[PDB]
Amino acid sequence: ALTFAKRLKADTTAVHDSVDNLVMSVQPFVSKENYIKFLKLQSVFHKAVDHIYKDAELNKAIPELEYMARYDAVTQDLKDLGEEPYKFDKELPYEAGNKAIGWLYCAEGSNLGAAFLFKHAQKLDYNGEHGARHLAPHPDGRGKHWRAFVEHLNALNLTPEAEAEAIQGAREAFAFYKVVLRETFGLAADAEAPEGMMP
């Protein structure tokens, strides 16, 4: 684990895969209702990181970071299907500091691998202009855009104890994503995909 980015990854791949499994478990693209529940979920998570993509300091460290946010697009997708911007019951996490850097990674990385999701959403007749705006690949190409993003993440070079809090934040970002998922899909507390399942 050299770079800060490859360390965030190393430490969170496990929980990442459990999310991958949990998302696939609830059949997101099986029907329309389900894809709508999938959007509500994406909506809550992205709402929860919107203040972080828009944070003034981080926007100084990462040029145009604020224009990378995808909550805006998710609200547009919900509209697409005659839906009001979903509203979460409780009050959303509003993280800051080192931990917030972990949420950002979690969020920006999901745009990287969103390829798989985008591919299955298009079957359901959804894409960049209708229903799947937030899953569409970045105009500069997922890989390029992500490598560019990783550059600035690594450039932050915070104290090793800071990078630590960020990894702790990325882990909590993932856990939270699952809490939201469980509630949106009517799953019990701590519900996880069938054990042993692999992507």
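Start at 1 and count along the sequence shown; that's the residue number.
For the two regions 147 to 155 and 168 to 176, the entry's Cα B-factors average higher over 147 to 155. Of the two segments, 42 to 50 and 55 to 63, the one listed with the higher mean B-factor is 55 to 63 (C-alpha atoms only). Residue 126 sits in the highest third of its chain by CA B factor, as recorded in the PDB entry. Among all modelled residues in its chain, residue 92 ranks in the highest third by Cα B-factor. Annotation for residue 109: CA B-factor lies in the lowest third of the chain's modelled residues. Annotation for residue 71: CA B-factor lies in the middle third of the chain's modelled residues. Remark: residue 193 belongs to the lowest third of its chain, ranked by C-alpha B-factor as recorded.
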